[PDB]
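Cβ atoms come from the backbone with ideal geometry, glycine included; neighbour counts cover every protein chain shown. Values in this text are rule-based calculations from the coordinates and carry no lab data.
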Amino acid sequence: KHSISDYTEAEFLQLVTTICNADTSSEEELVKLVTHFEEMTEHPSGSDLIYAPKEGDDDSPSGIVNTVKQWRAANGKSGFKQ
Amino acid sequence: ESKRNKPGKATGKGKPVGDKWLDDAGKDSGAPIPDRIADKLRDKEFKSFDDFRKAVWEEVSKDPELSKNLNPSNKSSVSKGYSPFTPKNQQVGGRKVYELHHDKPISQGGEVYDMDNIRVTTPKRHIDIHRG
Ligand SMILES: [Zn+2]
């Protein structure tokens, strides 16, 4: 799990859902997943995509996945595994 | 071998806060503990400051006036007693969540569980306070 091209879209949605639901054993584990998410996406907003959305953005797990997918596609980045 | 790990009872009044409560965390000495939270926690015994911290965020999760300014993901976090994530621009490395600060430091005889001595800070602000 070293790049976003290592994840299928469904696998990435799983990761994001876990984060959004705080489905972890400690705050430390949650912080680690968030850091991982920021490293995978390379998105300039970082954790704000999950925790500080801009007005009207869809901050559900599927909405965050869409925002990442579209940003990567439009900004010359590799996409999800087939 | 740390004062903050000795049991004590919570005391203090806190202050009225509004929607900009957590916006205040990145400024000055940080945001106060809300009066509404102080009403709930006063007189409860805590086995460590970390246990007090957990209780603050659980009460935040239960309070409609405080929780309504957190998005669904941050709501999930505070429901588990975790500190919520700040905006990216207030984070510093692996410090990404709101931090509880003692206005008069414990090392200088500040009270550990007096909520009038406690503030909510961002990582960026808390680091700057402790450096002047
Ligand atoms: Zn401090």
So how strong a dipole does the protein assembly as shown carry about its Cα centre when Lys and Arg Cβ are +1 and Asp and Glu Cβ are -1, to the nearest 20 debye? 400 debye
Label B:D23 and A:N21 with points 7 Å out from Cα along Cα→Cβ: what is the distance between them in nm? 3.4 nm
With a point put 7 Å past each Cα toward its Cβ, work out how far B:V92 is from B:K104 in nm, to one decimal. 2.5 nm
With each run of n ≥ 4 DSSP H residues scored as -39500 (n - 2.57), what mean residue ellipticity at 222 nm is computed for chain B after dividing by its residue count and rounding to the nearest 500 deg cm²/dmol? -8500 deg cm²/dmol
Please state, to two decimals, what the Cα-based radius of gyration of chain A comes to when divided by 2.2 N^0.38 Å (N = residues). 1.02
Tell me the net charge near A:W71. Cut-off is 12 Å between Cβ atoms, A:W71 excluded, with +1 for each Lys or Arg and -1 for each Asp or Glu. +1
Putting +1 on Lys and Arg Cβ atoms and -1 on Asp and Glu Cβ atoms, find which of B:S61, B:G109, B:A38 reaches farthest to the positive end of the dipole of the protein assembly as shown. B:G109
Output the direction-averaged projected area (hull surface divided by four) of the convex hull of the alpha-carbon atoms of chain B, in nm². 7.8 nm²
What number, rounded to the nearest 500 deg cm²/dmol, is the helix-based mean residue ellipticity at 222 nm of chain A, given -39500 (n - 2.57) per DSSP H run of at least four residues and division by all its residues? -16500 deg cm²/dmol
Residue-wise HN-Hα coupling along the stretch A:77-82, computed from phi with Karplus coefficients 6.51, -1.76, 1.60 (Hz; x: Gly, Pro): 9, 4, x, 5, 4, 3
Compute the signed sum of charges (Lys and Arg +1, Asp and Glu -1) over the other residues within less than 13 Å, Cβ to Cβ, of A:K54. -4
Of B:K13/B:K47; A:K1/B:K3; A:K1/A:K54; A:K81/B:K68; B:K27/B:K47; A:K81/B:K54, which sit over 32 Å apart, Cα to Cα? A:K1/B:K3; A:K81/B:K68; A:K81/B:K54
Under a GNM of chain B (C-alpha, springs under 10 Å), which listed residue has the highest mean-square fluctuation: B:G93, B:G81, B:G30? B:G93
Residues other than A:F80 with Cβ under 10 Å of its Cβ, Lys/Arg counted +1 and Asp/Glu -1, net out at 0
Measuring from the lowest to the highest alpha carbon on each principal axis, how far does the protein assembly as shown reach, largest first, in angstroms? 59, 34, 30
Modelled label-to-label distance, B:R4 and A:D58, 7 Å Cα→beta-carbon offset: nm? 4.1 nm
